[PDB]
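Note: ideal-geometry Cβ built from the backbone for every residue, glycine included; neighbour counts use all protein chains shown. Since every read-out is calculated from the coordinates, none of them should be taken as a lab result.
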Amino acid sequence: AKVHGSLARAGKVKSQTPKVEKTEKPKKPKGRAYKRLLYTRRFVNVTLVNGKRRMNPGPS
Amino acid sequence: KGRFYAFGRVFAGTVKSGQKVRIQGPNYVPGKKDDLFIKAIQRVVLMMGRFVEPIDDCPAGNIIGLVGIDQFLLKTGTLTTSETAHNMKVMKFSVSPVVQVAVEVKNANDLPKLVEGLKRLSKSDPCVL
Amino acid sequence: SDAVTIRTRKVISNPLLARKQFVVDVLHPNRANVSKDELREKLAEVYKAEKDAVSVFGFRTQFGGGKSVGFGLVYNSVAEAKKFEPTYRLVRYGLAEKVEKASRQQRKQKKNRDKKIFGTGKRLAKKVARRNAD
Amino acid sequence: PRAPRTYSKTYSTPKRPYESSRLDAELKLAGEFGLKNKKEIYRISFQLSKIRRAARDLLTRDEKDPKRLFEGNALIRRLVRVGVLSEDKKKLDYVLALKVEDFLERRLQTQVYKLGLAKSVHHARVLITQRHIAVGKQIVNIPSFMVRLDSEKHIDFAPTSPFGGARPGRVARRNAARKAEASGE
Amino acid sequence: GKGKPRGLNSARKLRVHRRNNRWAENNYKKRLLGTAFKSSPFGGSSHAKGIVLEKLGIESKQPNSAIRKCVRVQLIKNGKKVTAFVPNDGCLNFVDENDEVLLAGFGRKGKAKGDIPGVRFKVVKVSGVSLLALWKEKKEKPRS
RNA sequence: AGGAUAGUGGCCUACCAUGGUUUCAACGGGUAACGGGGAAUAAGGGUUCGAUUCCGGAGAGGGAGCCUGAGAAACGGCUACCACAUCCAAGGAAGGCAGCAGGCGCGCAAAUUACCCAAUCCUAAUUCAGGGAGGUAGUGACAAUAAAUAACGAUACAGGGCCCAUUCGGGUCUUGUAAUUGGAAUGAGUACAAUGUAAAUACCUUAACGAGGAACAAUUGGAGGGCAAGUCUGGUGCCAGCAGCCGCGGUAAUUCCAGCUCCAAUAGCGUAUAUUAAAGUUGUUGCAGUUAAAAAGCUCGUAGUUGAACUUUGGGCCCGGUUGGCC
């Protein structure tokens with residue numbers, strides 16, 4: 001196993017994953033107005049509990 | 001050791017000491033962001049035989065030594081400051097790429113001095129490769 | 001435009017230089033950033049010495065825009081002022097002359113090109129004449 | 001070869017990073033009056049810290065000590081020259097009882113808010129850094145001014161800077177240049 | 001009182017017993033003799049300018065698999081061989097032989113992590129481009 | 001007892017006496033040791049740096065020696081040797097950047113071959129002459145302090161109320177969302193122009209400017225536990241890889257690669273090495289010692305460290321001081 005880092009095993013297995021691109025959201029606010037969303041989303045626009053709170057409820 | 005003068009000749013403008021100019025490379029169009037450099041020049045010195053004479057400004061058509069910029073070009077160079085222009089030629093010059101010699105350090109330790117030695121010897125003179 | 005209002009504070013007359021030292025407060029609504037010397041030419045009328053024995057530097061523009069802090073110096077002498085006025089303030093006022101010797105790098109090397117001379121040097125100049133071309 | 005000028009840091013981050021309600025307790029304190037970061041409640045708590053550290057050392061020292069009779073009485077008046085608490089709690093032991101949201105309450109963000117004129121703390125912090133309102137005549141571009149309790153007689157707009165008067169703007173004039181191109185020349 | 005004579009004149013004897021028993025920790029004994037100034041390939045240093053010979057690979061223990069593709073790099077300031085590691089996926093094609101590299105430690109203070117033995121050191125920068133700026137690629141790869 | 005010395009002194013010299021320091025650690029070695037005023041973390045108790053802004057010392061390539069001068073064993077003074085190194089007509093003569101810039105070497109590593117005495121001071125016969133002492137500037141995410149990244153509208157929709165309480169649809173105050181369409185606020189840049197500055201740059205000022213998501217823009221980590229944030233989708237299948245630890249990947253990967261969403265801080269975030277607290281895991285305050293590692297096999301003994309009780313207690317008179325008292 002002196003030559004066992006044979007580069008046929010390489011980042012190849014990453015490169016055989018497909019290539020896609022991010023979709024384009026609008027301009028998120030940058031500064032205090034981002035937290036203006038973030039407080040009012042978590043503690044004002046909530047009506048959900050599911051025990052106490054669940055902030056990012058991925059599809060259950 | 002070698003902080004070697006750039007043997008230059010201005011074709012336009014009175015070049016000035018203490019000046020900020022764009023730097024380009026051998027085969028380059030300024031569209032992409034790779035290998036164009038934005039630095040400033042240290043000193044603008046002239047030379048007669050074996051002596052030097054620092055100056056300040058020069059008009060076109062005058063060969064001047066150029067101090068300190070040698071780090072950022074390989075064997076040839078243009079350095080523009082109107083970024084729509086093109087490179088100046090390399091002309092596909094002449095004789096002799098040409099031959100090969102194996103070269104090796106002894107005593108198995110001065111490999112850094114060799115690799116810096118010939119990567120600086122490449123920037124030394126453009127005839128050799 | 002809205003009463004620039006030259007008002008003066010700490011009016012201290014120096015007897016041993018024939019002058020006054022004082023701090024000018026300037027509140028200038030609706031028009032800012034006036035001048036060096038218009039305010040002097042309004043100050044030099046209320047103090048009745050002359051027009052140009054006054055030495056200002058200041059108008060430190062306070063925040064907002066409309067208030068500043070000036071600092072003028074009227075002297076009680078006309079020609080004796082220039083004997084003790086700072087010469088950079090006089091060439092700001094243009095009454096005196098601006099000096100022009102060489103810059104730094106020409107003068108200090110000239111000191112180095114002063115010690116190599118033997119005496120007044122023209123004994124060498126006779127000898128570098130005869131020899132070369134001998 | 002010269003003399004220095006000093007510097008100092010004026011906040012300290014809390015030690016344990018992640019407690020669920022504790023970060024959301026300072027999201028109540030974030031959500032109250034429109035802050036921009038988490039640093040500017042760290043620093044008044046830092047100012048709560050070394051004032052209460054300053055408050056602890058006189059209380060453990062002697063009664064009828066003139067150092068306590070000077071920097072206990074001068075402390076509580078400077079504590080009320082900014083007017084965090086009123087005359088009702090001026091007996092030198094309520095400086096321990098002081099709570100975060102009360103150092104917040106005398107900031108110039110939430111003082112323009114409470115004195116009409118702004119409808120919103122988010123609209124209030126805008127109306128500080130748009131080269132707006134003075135305290136006396138001195139214009140203040142600082143949303144963290146700590147109002148000195150002696151300009152509620154006088155806190156208003158500027159004489160210039162509309163929403164304040166004496167000229168209705170300059171960017172209104174390009175909006176009036178839209179009038180001066182459509183129905184004007 | 002258990003040992004350690006509390007007597008107010010005795011301050012020497014429980015200072016020497018303090019200083020003798022000071023020589024048992026895992027960090028004071030190594031600051032006492034300068035462990036990074038006689039031993040320890042990094043000369044008291046978070047970083048050392050390196051030069052690679054060629055590529056190799058070292059396997060992981062039990063329980064896991066998947067040999068981790070190490071690198072054998074000698075150092076300039078002392079002139080001796082050492083083995084290192086490229087914590088990343090891919091990008092070993094980007095790092096060449098016989099070119100300048102700039103490496104560091106793990107924070108693990110020696111004492112190789114839990115996965116691969118006898119490897120202390122990881123790669124920050126190679127030829128001046130800092131390959132973390134190459135895996136999350138937004139950078140020049142220069143003319144070699 | 002003299003010799004020198006600015007004067008003291010085994011400082012040096014002749015004679016005489018055998019003395020100095022020590023188990024409180026001298027001596028010898030090491031020291032990535034300039035010494036202090038301090039700095040960092042912080043319950044108290046402290047541990048670790050301090051080359052560097054201030055004071056004092058030593059040195060000007062390595063050891064010597066000396067003139068001038070009040071002041072030097074000076075080094076931008078000299079003499080000689082060593083070790084480096086320069087110019088040339090080959091005869092010889094110049095030599096000290098641990099000053100200021102600058103360039104090599106070594107480098108994980110550290111900036112202009114700028115302006116000028118305007119300021120603070122200093123030297124000299126003395127306003128003036130001078131000062132790379134100094135200040136002004138360009139590099140700067142070495143450090144700190146303040147704080148932008150867009151405001152309020154109107155419609156509509158879901159509403160949350162309150163009361164119509166029969167609620168399909170309401171008046172009333174408030175949240176998101178669908179960018180429909182407004183009217184303002186300007187300032188980061190930009191510069192007429194003035195100031196600032198001896199001189200200009202720049203801050204404070206100030207005309208004409210300078211905004212509808214794509215601009216005039218917010219990044220860096222992370223989403224098993226640790227430890228706050230996914231049982232969302234597609235990929236490879238112990239390969240490639242993740243990860244500071246525990247551990248995941250062998251076909252549904254809540255860890256790998258991407259994409260959506262979200263978390264944390266915000267002009268900053270990680271990363272690595274030495275650190276301090278947490279480490280009541282060095283402990284004097286304040287550890288453990290029957291089994292987790294440890295009470296010399298046992299005793300004698302000099303230093304060291306500790307070591308019983310006892311010797312004006314009490315009574316009375318008066319004077320002034322302070323704090324609180326029908327007051």
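One line per residue, one yes/no per condition, for (1) more than 9 Å from RNA strand F (Cβ to nearest atom); (2) surrounded by fewer than 16 Cβ atoms within 10 Å (Cβ to Cβ):
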{"site": "D:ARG107", "(1), (2)": "no, no"}
{"site": "D:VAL112", "(1), (2)": "yes, no"}
{"site": "D:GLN130", "(1), (2)": "no, yes"}
{"site": "D:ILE133", "(1), (2)": "yes, no"}
{"site": "D:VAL140", "(1), (2)": "yes, no"}
{"site": "D:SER144", "(1), (2)": "no, yes"}
{"site": "D:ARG148", "(1), (2)": "yes, yes"}
{"site": "D:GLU152", "(1), (2)": "yes, yes"}
{"site": "D:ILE155", "(1), (2)": "yes, no"}
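Six or more apart or on different chains, Cβ atoms under 9 Å: show the pairs whose first residue is in region E:38-54 and without any contact (Cβ under 8 Å) to a residue 12 or more places away in the chain and whose second is loosely packed, with under 13 Cβ neighbours inside 10 Å and aliphatic (A, V, I, L, M).
E:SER39/E:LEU33
Scanning region D:6-27 for residues that are surrounded by 10 or more Cβ atoms within 10 Å (Cβ to Cβ) and more than 6 Å from RNA strand F (Cβ to nearest atom), which turns out nearest to the other protein chains (Cβ to nearest Cβ)?
Only one residue fits best here, namely D:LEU27.
Starting from region D:41-64, keep only residues that are free of Cβ contacts under 8 Å to residues at least 12 places away in the same chain and of a type in the set (D, E, K, R), then list their pairs with residues that are surrounded by 12 or more Cβ atoms within 10 Å (Cβ to Cβ) and outside any loop (DSSP other than H, G, I, E, B) whose Cβ atoms are within a distance under 6 Å, requiring at least 6 positions of separation or different chains.
Listed by first residue and then by second, the contacts come to D:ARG61/D:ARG68.
Of all residues in region D:163-183, count the ones that are within 14 Å of another protein chain (Cβ to nearest Cβ) and either surrounded by 11 or more Cβ atoms within 10 Å (Cβ to Cβ) or in contact with a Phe, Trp or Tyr (Cβ under 9 Å, 6 or more places away or on another chain) (or both).
Within region D:163-183, residues that are within 14 Å of another protein chain (Cβ to nearest Cβ) and either surrounded by 11 or more Cβ atoms within 10 Å (Cβ to Cβ) or in contact with a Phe, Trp or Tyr (Cβ under 9 Å, 6 or more places away or on another chain) (or both) number 4.
Could you check how many residues of region E:89-136 are surrounded by 11 or more Cβ atoms within 10 Å (Cβ to Cβ), part of a loop (DSSP other than H, G, I, E, B), within 13 Å of chain A (Cβ to nearest Cβ) and more than 15 Å from the chain's Cα centre (by Cα)?
Adding up the residues that qualify gives 9.
Taking region C:57-116 as the region of interest, how many residues are within 14 Å of chain D (Cβ to nearest Cβ), near RNA strand F (Cβ under 9 Å from one of its atoms) and in a strand (DSSP E or B)?
3
When the residues of region C:7-46 are narrowed to those that are more than 21 Å from the chain's Cα centre (by Cα), touching a residue at least 40 places away in the same chain (Cβ under 8 Å) and part of a strand (DSSP E or B), which ends up nearest to the other protein chains (Cβ to nearest Cβ)?
Among those residues, the one meeting the criterion is C:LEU27.
How do the helices (runs of 4 or more DSSP H) wholly within region D:2-113 filter down when requiring 3 or more residues that are among the small types (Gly, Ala, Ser) and over 20 Å from A:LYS35 (Cα atoms): which remain?
Filter on region D:2-113 gives D:42-59.
Mind checking which residues of region A:25-50 are within 6 Å of RNA strand F (Cβ to nearest atom) and farther than 22 Å from D:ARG125 by Cα?
A:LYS25, A:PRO26, A:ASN45
So D:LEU117 passes all but one of these: (1) within 12 Å of RNA strand F (Cβ to nearest atom); (2) within 25 Å of A:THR40 (Cβ to Cβ); (3) in a loop (DSSP other than H, G, I, E, B). Which condition number does it fail?
So D:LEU117 meets the others, but not (1).
Looking at (1) over 30 Å from B:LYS75 (Cα atoms); (2) part of a loop (DSSP other than H, G, I, E, B), can you tell me which one E:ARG143 breaks?
Checking E:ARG143 against (1) over 30 Å from B:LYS75 (Cα atoms); (2) part of a loop (DSSP other than H, G, I, E, B), the one that fails is (1).
Restricted to region A:30-57, and to residues that are part of a loop (DSSP other than H, G, I, E, B) and within 11 Å of chain D (Cβ to nearest Cβ), which residue is nearest to the chain's Cα centre (by Cα)?
Result: A:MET55.
For (1) closer than 13 Å to E:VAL126 by Cβ; (2) more than 10 Å from RNA strand F (Cβ to nearest atom); (3) hydrophobic (A, V, I, L, M, F, W, C), each residue gets a yes or a no:
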residue: E:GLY44; (1), (2), (3): no, no, no
residue: E:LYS55; (1), (2), (3): yes, yes, no
residue: E:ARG68; (1), (2), (3): no, no, no
residue: E:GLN74; (1), (2), (3): no, yes, no
residue: E:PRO87; (1), (2), (3): no, no, no
residue: E:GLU97; (1), (2), (3): yes, yes, no
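Do we have E:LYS49 as within 29 Å of B:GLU116 (Cβ to Cβ), within 8 Å of RNA strand F (Cβ to nearest atom) and under 14 Å from the mean Cα position of the chain (by Cα) here?
yes
Counting just the residues of region E:41-86 that are in contact with a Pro (Cβ under 6 Å, 6 or more places away or on another chain) and not in a loop (DSSP other than H, G, I, E, B), which one comes out farthest from the other protein chains (Cβ to nearest Cβ)?
E:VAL82
Only one of these conditions is not met by D:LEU149: (1) away from every other protein chain (no Cβ under 14 Å); (2) over 23 Å from D:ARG78 (Cα atoms); (3) outside any helix (DSSP H, G or I); (4) not basic (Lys, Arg). Which number is it?
All conditions pass for D:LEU149, except number (2).
Determine which member of the set D:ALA74, D:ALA55 is away from chain A (no Cβ under 14 Å), more than 13 Å from RNA strand F (Cβ to nearest atom) and buried (at least 16 other Cβ atoms within 10 Å of the Cβ).
Sole residue among the options that is away from chain A (no Cβ under 14 Å), more than 13 Å from RNA strand F (Cβ to nearest atom) and buried (at least 16 other Cβ atoms within 10 Å of the Cβ): D:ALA55.
List the number of the failed condition for A:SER60; all other conditions in (1) under 30 Å from E:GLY90 (Cα atoms); (2) more than 14 Å from chain E (Cβ to nearest Cβ); (3) small (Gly, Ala, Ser) hold.
(1)
So, in region E:47-82, how many residues would count as being within 14 Å of A:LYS2 (Cα to Cα) and touching a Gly at 6+ places or on another chain (Cβ under 8 Å)?
8
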